[PDB]
Structure formats: C-alpha cells, structure tokens
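The chain below stands alone and is given as structure tokens, in the form deposited in one PDB entry.
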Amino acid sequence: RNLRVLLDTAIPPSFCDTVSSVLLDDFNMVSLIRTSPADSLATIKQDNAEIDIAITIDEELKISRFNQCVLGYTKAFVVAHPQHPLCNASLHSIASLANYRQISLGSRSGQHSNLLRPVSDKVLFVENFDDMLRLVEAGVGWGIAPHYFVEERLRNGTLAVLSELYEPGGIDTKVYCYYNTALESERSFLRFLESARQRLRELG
C-alpha cells in the first residue's frame, strides 16, 4: 500500500523532516512529492495523480474526495532589494505595492486562489521561489516568499522586509493538511497528526 504525499515549496525543511519521520513508523511505502504552492491544489484534483496527503498553504475547503485540517503555522515576508523605491516601508508603500512590479509564482493551470493570486497589477511570473529571489535581489521587483527562503539573505543585507507595517513579526500563514477521505478511518493517520503537530509545536 503506497502513500503519495505532497509538500509544496513553501513548507520549510523543518516541517518536511517531521512528516517523513512519522509516516515511516506505521507506513512502509512513502512517496514524497514537491510542488509549487500554486500547483498544490491543482495537482491533487487530477484524477490520475492519486495523491493521498498534501501539505500546502493554499486555501480551498470545498475540494472533492478530500478533507482539510491544520498542521501548524509559518511566517512569510514581503521582500525587495534594499534599494528598492518602496524600501521606505511607509503606509503609502503598503498601499502602492499594487502599483509596482510583483514577482509571484506561476500556476501550471494558469489559475491562482485568493491566497496566492498576485495582488499587484504589474506582475512577473516564475517557476519556483529560487527564480523569484534572484529577480528580487536584482531590484526587478518585490515578492512574497517563505521565511526559510529569506532568513539568510536578510542577515547578509541582500534583501529587506516591508511587511512589518502590514503584519509585524512576519505574515503568519497556515499550513493545511489535505488527506484522502479513505484515511479518516485508519488509525495510522490518526497517530500521524497527533505526532506531526506535537513536534511542530516544539519548534516555536
């Protein structure tokens, strides 16, 4: 009995180490699959992907063949080159973010949800977060990326934060867990959440 799991690129590696660790105690065949958060909800809807669990930040409660629950929380920031014109982080900057270029991720389906849809009118899409930060480091525009994708570049001064005025301490983001309805009965999955969650709580 194989178990195909989905972890988007927005899941920090700490979360990743916790998921894989537990599943191996009861399940003996686990397939980890990485996807862009814009393509997470899309790939699980595919009838042929046969995805059994998915751990993404994207929001969509009414999904067929799937339930929803929360695993933990994680921070994300609005980054930009330290010399970007909007570097002032002013209240007018938070509002005029929709007037400058944003570097959001591209959806293989061309569709974005309310959470991940680009907020700005001038947008430039990319494939993964790696390609985003490169363009952001070059002052091309601003974007929203996880904390672990940016923790290093900030201490090096390579990037600057602008969301503090919007949400201090970073944009707390929910990490949902979509699980096939067939697993709601098997107690092996029950033990997974109680363990995966209790460990993520120890992080903070």
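We number the residues from 1 along the sequence you see. What we label the rigid core is the largest C-alpha set whose atoms superpose within 1.5 Å from one form to the other.
There is also a form deposited in another entry; it is not shown, and the following applies to it.
Relative to the superposed rigid core, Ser93 undergoes a CA displacement of at least 2 Å between the shown form and the other one. Relative to this conformation, a decrease of 3 Å or more in the Cα-Cα distance between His92 and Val150 is found in the other entry. By 3 Å or more, the C-alpha separation between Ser93 and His84 grows in the other entry relative to the form shown here.
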